[PDB]
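Shown next, in structure tokens, is the structure this report addresses.
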Amino acid sequence: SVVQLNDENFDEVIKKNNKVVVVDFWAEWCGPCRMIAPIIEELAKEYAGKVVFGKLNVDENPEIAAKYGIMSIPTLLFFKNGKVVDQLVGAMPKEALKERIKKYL
């Protein structure tokens, strides 16, 4: 259950109480982003209920990428209680994303 993010729900999703929230900044044309898309879907199932995964398309929501100073995609930002706690820049394997999630559980 990955959530599609935009101006309407971004703040609602990242402020979810007692969740780790992972936001994937991506675009349709971005090869490395496509590579990690299925990894994110798999982890969203494994951690359903504990971790929320949101997708932020930077072509559609450039203001949001700007706000968080996203200089490169793919970038995954991790939030806890509405604040950025970590980030993973680049196209990493499942284990790297999994360990970064577990750090915040």
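In the structure tokens, the first chain shown is A, the next is B, and so on; residue numbers restart at 1 for each chain, and ligands run from 1 in the order shown.
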Next on the checklist: When you look at residue 65 in chain A with a cut-off of 12 Å (counting only C-alpha atoms), what residues show up, excluding the ones that are within fewer than 3 positions of it in the same chain? I need them as a PyMOL selection string.
Outcome noted: chain A and resi 5-7+10+23-27+55-62+68-77
Residues as selected, C-alpha atoms, written as a JSON list (two decimals), in the first residue's frame, can you do that?
[["chain", "number", "residue", "atom", "x", "y", "z"],
["A", 5, "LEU", "CA", 1.50, 12.12, -2.50],
["A", 6, "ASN", "CA", 0.71, 15.67, -3.54],
["A", 7, "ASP", "CA", 0.02, 19.12, -2.08],
["A", 10, "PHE", "CA", 1.75, 15.47, 1.93],
["A", 23, "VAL", "CA", 8.92, 9.42, 0.91],
["A", 24, "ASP", "CA", 10.27, 8.37, -2.52],
["A", 25, "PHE", "CA", 11.05, 11.33, -4.78],
["A", 26, "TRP", "CA", 10.77, 9.95, -8.28],
["A", 27, "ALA", "CA", 9.85, 10.54, -11.93],
["A", 55, "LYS", "CA", 5.55, 8.49, -3.62],
["A", 56, "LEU", "CA", 6.27, 12.11, -4.60],
["A", 57, "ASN", "CA", 6.55, 12.67, -8.33],
["A", 58, "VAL", "CA", 8.91, 15.59, -8.75],
["A", 59, "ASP", "CA", 7.56, 16.56, -12.19],
["A", 60, "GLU", "CA", 4.05, 16.92, -10.74],
["A", 61, "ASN", "CA", 5.06, 18.42, -7.38],
["A", 62, "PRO", "CA", 8.30, 20.41, -7.96],
["A", 68, "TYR", "CA", 12.95, 19.61, 1.02],
["A", 69, "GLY", "CA", 16.06, 20.54, -0.97],
["A", 70, "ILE", "CA", 15.99, 17.39, -3.12],
["A", 71, "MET", "CA", 19.05, 17.98, -5.31],
["A", 72, "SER", "CA", 19.02, 14.58, -6.99],
["A", 73, "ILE", "CA", 16.64, 11.68, -7.62],
["A", 74, "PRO", "CA", 16.18, 8.94, -6.61],
["A", 75, "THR", "CA", 16.11, 10.22, -2.97],
["A", 76, "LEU", "CA", 14.18, 8.59, -0.13],
["A", 77, "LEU", "CA", 13.50, 10.86, 2.87]]
Next on the checklist: From a backbone DSSP assignment, name each residue in chain A labelled alpha helix (DSSP H), as a ChimeraX atom specification.
Outcome noted: /A:10-14,31-46,62-67,94-103
Next on the checklist: So that I can check the secondary structure, give me every residue of range 24-78 of chain A assigned strand (DSSP E or B) by backbone DSSP, as a PyMOL selection string.
Outcome noted: chain A and resi 24-26+51-57+75-78
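You will find CA of residue 86 in chain A at 9.6 Å from CA of residue 103 in chain A.
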Item to check | Nearest to residue 80 in chain A, chosen from A:92, A:51, A:46, A:32, with only C-alpha atoms counted in the distances | outcome: A:51
Checklist entry - In Å to one decimal, how far is CA of residue 89 in chain A from CA of residue 30 in chain A? => result 13.6 Å
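Going from CA of residue 105 in chain A to CA of residue 1 in chain A covers 18.5 Å.
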Next on the checklist: I want to know what sits within 12 Å of residue 41 in chain A, based on only C-alpha atoms, with residues of the same chain fewer than 6 positions away left out; could you give that as a ChimeraX atom specification?
Outcome noted: /A:1-3,22,24,34-35,47-48,51-55,94,97
Item to check | Residue contacts of residue 93 in chain A (8 Å, only C-alpha atoms) excluding same-chain residues fewer than 2 positions away, as an NGL selection string | outcome: :A and (36 or 39 or 91 or 95-97)
